[PDB]
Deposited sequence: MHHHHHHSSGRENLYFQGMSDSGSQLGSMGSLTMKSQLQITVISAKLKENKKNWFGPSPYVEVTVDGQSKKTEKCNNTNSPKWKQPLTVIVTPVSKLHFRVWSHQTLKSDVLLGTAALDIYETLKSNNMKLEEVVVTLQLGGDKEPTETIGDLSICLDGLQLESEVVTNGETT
């Protein structure tokens, strides 16, 4: 029951990234959960990326979703801009135990400094219920 899986759709909607003082980042989002990793495509040179991109992951009612916002680079590692996490069980609680097009915004915490908010990330969850 807490072990039954669902192929959850997560639409990664958009993010607002605090400006860094010339050209902006070229961000995409990676979702990781339960052995899996799914990445959106990138937006180029923007602190207000709008992906509106649906991804799926196979989760249980107690899975914990982890988000990373990366900036793409050709010639070295992509840069980790910030991270967030969302407990699917808490999300279910907040929405009568059924995730039907639930929009959630999360604060993104900095890589080098976890305590610093570097932006926020909006997603929409659909296709999971408990009971």
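Residues 1-30, 52-53, 164-173 of the deposited sequence have no C-alpha coordinates in the structure.
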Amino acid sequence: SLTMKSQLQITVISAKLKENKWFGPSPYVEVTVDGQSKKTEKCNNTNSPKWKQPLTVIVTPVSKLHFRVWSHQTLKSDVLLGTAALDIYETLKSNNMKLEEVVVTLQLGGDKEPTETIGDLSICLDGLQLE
From here on, numbers count along this sequence of modelled residues.
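Here 102-110 and 22-30 are compared by their mean Cα B-factor, and 22-30 comes out higher. If you average the C-alpha B-factors over 12-20 and over 119-127, the higher value belongs to 12-20. Looking at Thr46, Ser63, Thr91, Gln36, the one whose CA carries the top B-factor in the deposited record is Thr46. The PDB entry assigns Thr40 a C-alpha temperature factor belonging to the middle third of its chain's modelled residues. Among the modelled residues of the chain, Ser77 sits in the highest third by CA temperature factor in this PDB entry.
Placement of the Cα temperature factor of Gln53 within the chain: middle third of the modelled residues, per the deposited record.
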